[PDB]
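Enquirer: My structure is below; once you've seen it, I'll send some questions.
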Amino acid sequence: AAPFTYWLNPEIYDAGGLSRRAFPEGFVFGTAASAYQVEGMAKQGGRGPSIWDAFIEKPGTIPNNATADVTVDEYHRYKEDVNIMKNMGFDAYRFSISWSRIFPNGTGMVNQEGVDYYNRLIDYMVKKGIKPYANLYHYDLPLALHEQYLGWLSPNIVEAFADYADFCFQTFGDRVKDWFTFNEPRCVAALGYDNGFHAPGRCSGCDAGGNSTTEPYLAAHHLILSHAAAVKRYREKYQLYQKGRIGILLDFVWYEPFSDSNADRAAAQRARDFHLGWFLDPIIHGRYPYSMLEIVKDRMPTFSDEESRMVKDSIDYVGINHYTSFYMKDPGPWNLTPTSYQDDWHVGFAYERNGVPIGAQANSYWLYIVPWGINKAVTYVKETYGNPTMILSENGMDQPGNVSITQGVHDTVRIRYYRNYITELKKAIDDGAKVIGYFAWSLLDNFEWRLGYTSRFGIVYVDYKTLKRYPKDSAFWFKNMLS
Ligand SMILES: OC[C@@H]1[C@@H](O)[C@H](O)[C@@H](O)c2[nH]cc[n+]21
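Numbering (the authors' numbering), first residue to last: -4 to 478.
Written out as structure tokens, the structure reads:
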């Protein structure tokens, strides 16, 4: 590469006073990824198609009709990837297992070739001293199940998921001691079924059809039951023998009141309710948020008594995926007519106060750089939910995809991002938050869902022509801070 690639960035060596000794004994630092975003071999090695394979087929879905058939090809270059992880000082890797790579049809026939891949992967991490954190679901429902009964929209999914979970616990649990059932069921439900932005692209006006007033609530409900059903398998059959732990990964945008009024304060709490409460209130309290029940009414399913008991306390810890924050305003008087889950929040978003933007915007349209947001979010979870064990399970930011190696590696904006967010995380911990780990999204630039390869989130740059890896300055910033 060009000489400027090798300029030594002084920011690499400013850890902002952070080290392992600024965190609890045993605190875990890792990176996070997902099966579809990094594996490749989408249509090979036995893997049956998922909803994203079909979704991607519609022209104009991914920019430049790009695909994840290869992406960064972690399927073949996992040893290199794990080696970078170890060399940069990380303790852990949160990956996901692909459901349809294990069960090409979602239920029934096991794909032994898929099982073999995950065994290779996990065994290699253990060999190198990287702790495996396995996530069971990251947007990749087997297409068959969507075809049979529309996947998350059917109560049939619950036992289908629990069986897949069961198999994974049986198969991988001798060395995986850290499980998550779902990555961000709120996005699975909202992007899948409210605005159709993600697979299977259902919504009120969408080509695929759908109903934004009802389907996201149906989906969310079945995701919760599926989580609880899977955890029940874990607890009853595996937990006391494998001695591991199981949680869920929940996204949480911080919602800050725009002003001190009762109205704006209530708006911010209302947003938290619909964004996080939706899943965390059932799991901690066995019930939905009050605001949701009153606003959404008949459109929300209800839990039976049995269901409520299965759902309550169905985690050993909660993963919080946190990136960004917004101001929240009371939007005036509310219609009235059901329109969508997002509309049901009855809030106004604001991105600046007194001419000052809440923060700089990263590449992604939704990502505003607001480090103090991570402190408020974690503290809120501490105060609202009885100080549960937490993992800060995703955090990072993106550069535009169209940049050269030479430019891509000097990501001092990302160094600032981490220094500042990790610093604000430390404060919330120092103040009592029971956070036991932190994971950066992501090790490698990868397939960014609807943004394709126009968004680079990695701390390692990937040349998509050659699949060669180039650690960015931020990787070295971690390496330095972690020793
Ligand atoms: O947008 C960057 C990343 C995605 O790539 C991940 O798959 C997803 O877990 C997520 N949630 C919030 C931000 N992100």
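For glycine and all other residues, C-beta sits at the position ideal for the given N, C-alpha and C.
Return the residue from the list 313, 456 and 64 that minimises the CA-CA distance to residue 382.
Expert: Closest by alpha carbon: 313.
Enquirer: Could you check which residue in 82, 77, 31 and 53 has the C-alpha nearest to that of residue 94?
Expert: Per the Cα distances, 31.
Enquirer: In whole angstroms, what is the alpha-carbon distance linking residue 469 and residue 401?
Expert: Cα to Cα, the separation comes out at about 14 Å.
Enquirer: Counting beta carbon pairs with one atom in the stretch 65 to 85 and one in the stretch 160 to 171, are three or more of them shorter than 8 Å?
Expert: No, they do not touch.
Enquirer: State the Cα-Cα distance for the pair residue 378 and residue 151, rounded to the nearest angstrom.
Expert: Their Cα atoms are separated by approximately 36 Å.
Enquirer: Tell me, which residues are paired with residue 27 by DSSP?
Expert: Bridge partners of residue 27: 89 and 436.
Enquirer: Looking at C-alpha atoms only, which residue of 269, 423, 385 and 47 is the closest neighbour of residue 285?
Expert: Looking at the Cα atoms, 269 is the closest of the given residues.
Enquirer: Report the rounded CA-to-CA distance for residue 133 versus residue 27, giving the unit in angstroms.
Expert: Their Cα atoms are separated by approximately 12 Å.
Enquirer: Report the partner residues of residue 198 according to the DSSP bridge assignment.
Expert: Bridge partners of residue 198: 190.
Enquirer: Under three-state DSSP, which class holds residue 250?
Expert: DSSP places residue 250 in strand when its eight states are reduced to three.
Enquirer: Would you identify the three-state DSSP class for residue 450, choosing helix, strand or coil?
Expert: Note: residue 450 maps to strand in three-state DSSP.
Enquirer: So does the stretch 425 to 443 actually touch the stretch 335 to 350, counting three or more Cβ pairs closer than 8 Å?
Expert: At 8 Å Cβ cutoff, the stretches do not touch.
Enquirer: In whole angstroms, give me the CA-to-CA distance for residue 253 and residue -1.
Expert: Residue 253 and residue -1: Cα-Cα distance of roughly 43 Å.
Enquirer: Can you find the residues in the same chain that come closer than 7 Å, C-beta to C-beta, to residue 319, ignoring five residues on each side of it along the sequence?
Expert: Around residue 319: 248, 361, 362, 363, 365 and 368.
Enquirer: Here's a check: name, in chain order, each residue in its chain whose Cβ is nearer than 7 Å to the Cβ of residue 407, leaving out the five neighbours to either side.
Expert: Taken in chain order, the residues that qualify are 4, 6 and 468.
Enquirer: Give the range of the beta strand (DSSP E) segment to which residue 109 is assigned.
Expert: Unbroken run through residue 109 is the alpha helix (DSSP H), 107 to 123; no beta strand (DSSP E).
Enquirer: Taking one C-beta from the stretch 166 to 186 and one from the stretch 251 to 265 each time, how about it: are there three or more such pairs within less than 8 Å?
Expert: With a cut-off of 8 Å, the stretch 251 to 265 and the stretch 166 to 186 do not count as touching, because too few Cβ pairs lie within range.
Enquirer: Please report the straight-line C-alpha distance between residue 479 and residue 197, rounded to a whole angstrom.
Expert: An answer regarding residue 479 cannot be provided, because it is not within the stretch -4 to 478 covered by the chain.
Enquirer: Quick one: measure Cβ to Cβ for residue 245 and residue 181, integer angstroms, because I've assumed they're closer than 8 Å.
Expert: The pair is a contact, with the Cβ atoms about 7 Å apart (cut-off 8 Å).
Enquirer: Would you check whether ligand 1 has a heavy atom nearer than 7 Å to the C-beta of residue 436?
Expert: Answer for residue 436: yes, Cβ within range of ligand 1.
Enquirer: Exposed or buried, which one is residue 127 when buried takes at least 16 other CB atoms within 10 Å?
Expert: It counts as buried.
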